[PDB]
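*Asks:* This is the structure I want to talk about, given as structure tokens.
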Amino acid sequence: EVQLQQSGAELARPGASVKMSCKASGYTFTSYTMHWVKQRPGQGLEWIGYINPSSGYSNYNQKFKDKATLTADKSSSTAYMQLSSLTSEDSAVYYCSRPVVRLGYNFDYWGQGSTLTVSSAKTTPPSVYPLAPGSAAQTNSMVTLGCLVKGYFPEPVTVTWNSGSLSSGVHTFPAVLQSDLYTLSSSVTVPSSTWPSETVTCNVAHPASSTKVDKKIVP
Amino acid sequence: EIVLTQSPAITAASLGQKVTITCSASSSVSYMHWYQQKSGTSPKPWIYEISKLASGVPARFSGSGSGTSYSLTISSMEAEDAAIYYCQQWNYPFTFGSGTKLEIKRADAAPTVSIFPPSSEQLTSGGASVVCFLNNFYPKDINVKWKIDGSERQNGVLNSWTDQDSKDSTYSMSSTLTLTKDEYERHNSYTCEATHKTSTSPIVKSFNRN
């Protein structure tokens, strides 16, 4: 039952600082070190350093010294990582991992990760537009519908179709940044005998702006 | 500085084939670990200390090597094996390898193209995005071209690509032409053209505003 619960997504301004957490459970917290890892959008992993909760001692990758500060709270079995003087290069996903020592560290447990976005842009809800065919895809036994989730910030947004009842023919694309605003699309392909005969709706959620959208796809 | 380079960078294996990926260390290292990462999820320990399988790892996987060269082998490729694999130095600074993207090889498939005129509600708000989906094609390489009144439009389109489909192992792409209601009404013909290796002829989808 070893579990590592990390804090949620973070949006911070350049030059600011942020502190993420990793709450452990299912084992004796002070008996194992807690390591942190960085993964920048679209690439490899980087080890940051570790904290030993039993003594408060920490060791860092030379590259992150004075950038990351690792601490731990024995009473709440939580590890913390502070990042200072934030720059765009700090935007990434950060994970905590609790390794066991055998022939060497074995990182057998990982948190779900916390996404950090360093930007001066402000939170903005998405505009969700229905993507309905214009009488031409009919020649295809299958009809493709979609939803354009435009101009939101920051990431992420979740998209489901018919509240999860339609998942097989779904393609939700990675958001792309345009003029400091995210735009993404999601398509769903169903038999022409399914729509418009039946209702097809895209459910879009944008946590950062507490937005919930249920956009029905009408001809 | 020790640098870990993995190969192949990317490869498409057919179900049932043996797969071997490697990790080369700039200088000798005593042990090497491996991880498996699937889109949008935390890396999962896969192999520890060169050859010990982690929890949740199928027996078809095996690790080996020493010094400056290590390998991860899948006796027989299975669909669930498609992912990105990373090797990692066993000790400080715990450097990670460049990664290997293992995909599923399947038959070539031409893209199904769908074009979408701006929605009434976006137009009412003064905007006009034209969307085009190039879905379920294979291999992954593809190009999209937009023509407005017969003229190709460069730089001014947002493109995005999905990873291999967990179901039919195909790829999909979305291309969006963003205009103002005014710009959109300025012209009448909108065309999305997809060129895939499956044909020397682009798959064209178009619509007339009026």
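Please treat every number below as a calculation from the coordinates, not as lab data. As a convention, Cβ positions derive from the backbone with ideal geometry for all residues, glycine included, and neighbour counts pool all protein chains shown.
*Asks:* Provide, as a two-decimal number, the C-alpha radius of gyration of region A:1-96 over 2.2 N^0.38 Å, N being how many residues it has.
*Replies:* The reported ratio for this selection is 1.05.
*Asks:* Using Cα centres only, tell me the gap between region B:195-210 and region B:121-185 in whole Å.
*Replies:* 12 Å
*Asks:* Let me ask something else. Two decimals, Cα atoms only, Kirkwood Rh: what is Rg/Rh over region B:107-209? Walk me through the intermediate numbers first.
*Replies:* Working: Rg = 14.2 Å, Rh = 14.2 Å.
So for region B:107-209, dividing Rg by the Kirkwood Rh gives 1.00.
*Asks:* Let me know the longest stretch in chain B that avoids all trypsin sites (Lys or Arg not before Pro) found in a DSSP loop with at most 13 other C-beta atoms within 10 Å.
*Replies:* B:19-166
*Asks:* How long are the semi-axes of the equivalent ellipsoid of chain B, defined as square roots of 5 times the Cα gyration tensor eigenvalues? Whole Å, largest first.
*Replies:* Working from the Cα gyration tensor, I get semi-axes of 45, 18, 14 Å.
*Asks:* In 5 Å bins starting at 0, how do the alpha-carbon pair distances of chain A split up by percent?
*Replies:* For chain A, the pair-distance distribution reads 1, 6, 13, 14, 13, 11, 11, 9, 8, 6, 4, 2, 1, 0.
*Asks:* Let me ask something additional. Give me the tail of P(r) for the protein assembly as shown as a percent: Cα-Cα pairs with distance above 33 Å. Walk me through the numbers before you get to the answer.
*Replies:* Details: 40181 of 91806 pairs.
Tail fraction, whole percent: 44.
*Asks:* How many percent of the alpha carbon pairs in region A:121-219 exceed a separation of 16 Å?
*Replies:* Cα-Cα pairs of region A:121-219 separated by over 16 Å account for 54 percent.
*Asks:* Normalised by the number of residues in chain A, what is the relative contact order in percent for Cα pairs under 8 Å and 6+ residues apart?
*Replies:* 18 percent
*Asks:* Please give, to one decimal in nm, the separation of the simple spin-label points placed at A:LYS19 and A:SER193, each 7 Å out from Cα toward the Cβ.
*Replies:* 6.1 nm
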